[PDB]
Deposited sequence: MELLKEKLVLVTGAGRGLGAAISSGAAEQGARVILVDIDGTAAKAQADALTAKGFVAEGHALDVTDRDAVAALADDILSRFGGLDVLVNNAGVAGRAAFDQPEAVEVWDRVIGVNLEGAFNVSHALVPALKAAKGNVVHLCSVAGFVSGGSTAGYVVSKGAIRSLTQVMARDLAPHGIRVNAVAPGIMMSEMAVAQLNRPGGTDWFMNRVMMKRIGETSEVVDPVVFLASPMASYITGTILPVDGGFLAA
């Protein structure tokens, strides 16, 4: 399969977990991949492994909450490549705190900061590059963007906000030929609130979120925009 053949793909949070798996899967589908993470060492380790397999890949440190660093990366991509075919906003954090605890404030600030504000930073900064290539954006949402589930308030809200960001980015960028979608994973390999309701009675394998991301990023989804696709084993239908 070559669903992303010769496409330039940027994946944030690519040092481990789903982001690294999405980076590897995009390369397997023919993409050249830019892997970025707050842990630059991890991003470069993942990129060097792809390179060692004959893929075209590079890795860099990037804190998505640093608007100056995001702008620098955006200028760099535009200057070296002239555009960006796919942006995957995968960088995220979570936390543990009930709403009625003082701990909820610091957890809220941290999670909102990365999951929502960082996704806005990278999304807004990469618009010129996405315009030049008529690329598309895939956000990492969550089933927590539709129900509260068992995640902390900052996480639920950040993912509900990403759901809305998908819609309004799609609206504003559609005139420029840019599609914007999201996946909403349930629990993926990377607990009661999810297992009671997941129809498949199993957590997802990382490859099973990779394939829907690649689909949405590909011409198979060329009439799909503003859409959040559950990848959740039936969780939200239960």
Counting from 1 along the deposited sequence, which stretches lack C-alpha positions?
191-202
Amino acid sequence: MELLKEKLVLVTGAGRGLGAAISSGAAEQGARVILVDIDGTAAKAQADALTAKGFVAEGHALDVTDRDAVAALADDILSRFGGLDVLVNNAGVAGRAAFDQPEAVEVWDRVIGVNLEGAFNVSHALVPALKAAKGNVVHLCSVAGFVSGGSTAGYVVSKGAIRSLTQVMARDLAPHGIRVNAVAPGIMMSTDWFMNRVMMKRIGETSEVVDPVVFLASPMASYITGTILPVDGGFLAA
From here on, numbers count along this sequence of modelled residues.
With respect to the recorded C-alpha B factors, which stretch has the higher mean value, 47-55 or 176-184?
47-55
Is the mean CA B factor in the deposited entry higher across 213-221 or across 11-19?
11-19
Quick one: which of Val122, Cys141, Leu165, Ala94 has the biggest Cα B-factor according to the entry?
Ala94
Name the one of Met195, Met169, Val64, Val33 with the greatest CA B-factor according to the PDB entry.
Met195
Give the position of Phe81 by CA B-factor within its chain, expressed as the lowest, middle or highest third.
highest
Which third of the chain holds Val107 when residues are ordered by C-alpha B factor: lowest, middle or highest?
middle
Just say lowest, middle or highest third for the CA B-factor of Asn90 relative to the other modelled residues in its chain.
middle
Position of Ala74 among the chain's modelled residues by C-alpha B-factor, lowest, middle or highest third:
highest
Within this chain's modelled residues, let me know which third the CA B factor of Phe99 belongs to: lowest, middle or highest.
highest
